[PDB]
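>>> Structure for the following, please:
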Amino acid sequence: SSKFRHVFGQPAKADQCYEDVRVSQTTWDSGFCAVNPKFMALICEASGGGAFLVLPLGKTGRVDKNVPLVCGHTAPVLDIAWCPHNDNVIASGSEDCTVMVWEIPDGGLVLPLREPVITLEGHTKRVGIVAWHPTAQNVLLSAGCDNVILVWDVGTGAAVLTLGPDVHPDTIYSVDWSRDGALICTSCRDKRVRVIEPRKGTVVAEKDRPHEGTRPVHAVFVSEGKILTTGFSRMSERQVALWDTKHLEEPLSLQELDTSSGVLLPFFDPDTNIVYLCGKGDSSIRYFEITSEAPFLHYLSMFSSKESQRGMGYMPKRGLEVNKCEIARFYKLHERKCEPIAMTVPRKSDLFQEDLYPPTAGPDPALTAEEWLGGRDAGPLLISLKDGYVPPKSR
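Numbering: from 1, shown residues only. Please find the structure below.
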């Protein structure tokens, strides 16, 4: 058995969830919840603009109806993402066509936050994808319904790269940065998954029609030289496929799951080679392991529940209870509640479990924006999760 075969989900008790939250009812295939070691954020239902909630992680229990929110946007927020290099900075993309970057005080909001640090204006339609660069300071990608990808230097406010509708002629379903941020992987409604070096726009690999169905495909980078997709058969059977980007003629493995209409969002953990799959409308979270042993993609198990998810966040490693063998933590949105679900490896030790917790991508950038734009690549600067290792301060 995999060392991860008996990984299991454990929902937090009511006193450790966040209750009575006005979760956004907008129909959109993003997570709607973004969390980091300091804060939980989720997108709110707002009828006169855009808003999302940010709370210190410790502020569990019922949320006051008059809680201060992050506002500024003039139409519904579609996507939120925390900066991997600063636990106080979050970006939001909105139906108002802007991306706004916010700084959150330690201790959380005292008053509504209405003015962002910077507003990034350039999309001409709603912005439903934001993604921070994993290794280069201040670099942020957005993709809008104008089918344009912009890359921004948030330190200057400038749009520094543009991939136009000649690159993605139809809706962009997903964009993922590679481990070192030297590439992006995009999945498009024109049924092509592209691996692109975004500084020059070079398409270095492309898979035409990874799935036969008419519903969306999402794609992520996984272990080196490999990508994973979720999609549908012609008859709407949901599927997960693992691909070798050097040999895209057929997948390394294609696995049929069930028959739903819900889009499965993949979450890949490089530290364990586990991929989790969760879709809006489902009550379950499936997980697989990726190995170099054929058939390469291996099913592990599934977390089951009685409640359908309306969104899902995912805690960075620095937020996990390493001493309790927690290897992931999901933040599940359902109805008016945000519910943490620990993913745990059943072990019993007082010692730091090195095999479960290799050094992990840390909060200090490996490159400046200008260094990266000038063509330098670098993997993330790694840190130890062991008690006693103090993470770098954010810039």
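
>>> what's the neighbour count on residue 190?
14 (other C-beta atoms under 10 Å). To be clear about C-beta, it is placed using only N, CA and C from the backbone, and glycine gets the same treatment.

>>> Might you report the residue contacts of the nearest residue to it once chain neighbours are set aside?
Sequence neighbours aside, residue 170 is the residue nearest to residue 190 in space, at 4.5 Å (criterion: C-beta to C-beta, 6 or more residues apart in numbering). Contacts for residue 170 (C-beta atoms under 8 Å, 6 or more residues apart in numbering) come out as 147, 188-190.

>>> Residue 170 and residue 186, how far apart?
Distance, residue 170 to residue 186, by C-beta to C-beta, to the nearest Å: 11 Å.

>>> Could you do residue 28 as well?
Taking C-beta to C-beta, one finds residue 28 at 17 Å from residue 186.

>>> and the two? which has more neighbours close in?
The residue with more neighbours, out of residue 28 and residue 186, is residue 186; 24 against 17, by other C-beta under 10 Å.

>>> the helices in the protein, which residues?
Remark: helices assigned in the chain by DSSP state H are 369-373.

>>> residues near residue 87, how many?
Quick note: residue 87 (other C-beta under 10 Å) scores 20 neighbours.

>>> Next up, phi/psi of it, please.
Dihedral angles of residue 87 (phi, psi; degrees, to the nearest 10) stand at phi -70, psi 0.

>>> what about the nearest residue to residue 35 once chain neighbours are set aside, how many residues close to it?
Distance criterion C-beta to C-beta, 6+ apart; nearest residue to residue 35, sequence neighbours excluded, is residue 313 at 4.3 Å. Neighbour count of residue 313, defined by other C-beta under 10 Å: 23.

>>> Same question for residue 209.
12.

>>> quick one, what contacts it?
Residues in contact with residue 209 (C-beta under 8 Å, 6+ apart) are 191-192.

>>> how close does it sit to residue 88?
Counting by C-beta to C-beta, the gap from residue 209 to residue 88 is 42 Å.

>>> got it, and residue 383?
Taking C-beta to C-beta, one finds residue 383 at 18 Å from residue 88.

>>> Now for the nearest residue to residue 165 once chain neighbours are set aside, how many residues are close by?
Counting by C-beta to C-beta, 6+ apart, residue 165 lies nearest to residue 147, which is 4.6 Å off, once chain neighbours are set aside. Number of residues near residue 147 (other C-beta under 10 Å) recorded here: 21.

>>> next one: residue 291
13.

>>> Next: residue 117.
Going by other C-beta under 10 Å, the residues that sit close to residue 117 add up to 12.

>>> Could you do residue 27 as well?
6.

>>> now residue 200
Residues near residue 200, counting by other C-beta under 10 Å: 8.

>>> export stretch 30-50 as PDB, just CAs?
Only the C-alpha atoms of stretch 30-50 are listed here, as PDB (Å, rounded to 0.1, in the frame of the first residue of the first chain):
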ATOM      1  CA  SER A  30     -13.200  29.100  -9.200                       C
ATOM      2  CA  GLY A  31     -12.600  28.000  -5.600                       C
ATOM      3  CA  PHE A  32     -14.500  31.000  -3.900                       C
ATOM      4  CA  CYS A  33     -12.300  30.400  -0.900                       C
ATOM      5  CA  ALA A  34      -8.600  31.200  -0.400                       C
ATOM      6  CA  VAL A  35      -6.700  30.600   2.800                       C
ATOM      7  CA  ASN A  36      -3.200  31.000   4.100                       C
ATOM      8  CA  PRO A  37      -1.500  30.500   7.600                       C
ATOM      9  CA  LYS A  38      -2.900  33.900   8.800                       C
ATOM     10  CA  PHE A  39      -6.300  34.300   7.200                       C
ATOM     11  CA  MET A  40      -9.400  32.700   5.700                       C
ATOM     12  CA  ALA A  41     -11.000  34.500   2.800                       C
ATOM     13  CA  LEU A  42     -14.200  33.700   0.900                       C
ATOM     14  CA  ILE A  43     -16.200  35.500  -1.800                       C
ATOM     15  CA  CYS A  44     -19.400  37.100  -0.600                       C
ATOM     16  CA  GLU A  45     -22.800  37.600  -2.100                       C
ATOM     17  CA  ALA A  46     -22.900  41.300  -2.900                       C
ATOM     18  CA  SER A  47     -25.700  43.000  -5.000                       C
ATOM     19  CA  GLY A  48     -24.300  46.500  -5.200                       C
ATOM     20  CA  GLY A  49     -20.700  45.900  -6.000                       C
ATOM     21  CA  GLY A  50     -18.100  43.200  -5.200                       C
END
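
>>> Buried residues in stretch 362-378, which are they?
Residues 362-370, 372-373, 377-378 are the ones in stretch 362-378 that count as buried (16 or more other C-beta atoms under 10 Å).

>>> now the strands: where do they sit in the stretch 51-200 of the chain?
For the stretch 51-200 of the chain, the strands defined by DSSP state E, counting those that start in this stretch cover 52-56, 61-62, 77-82, 89-94, 98-103, 118-121, 127-132, 139-144, 149-153, 158-163, 172-177, 184-188, 192-197.

>>> Which elements pack onto the third one?
Packed against strand 77-82 by the contact rule (3 or more C-beta pairs under 8 Å, 6 or more residues apart in numbering; DSSP states H and E) you find strand 33-35, strand 39-43, strand 89-94, strand 127-132.

>>> Report the angle between it and strand 52-56.
30 degrees (axes from the mean of the first three to the mean of the last three C-alpha atoms, to 10 degrees).
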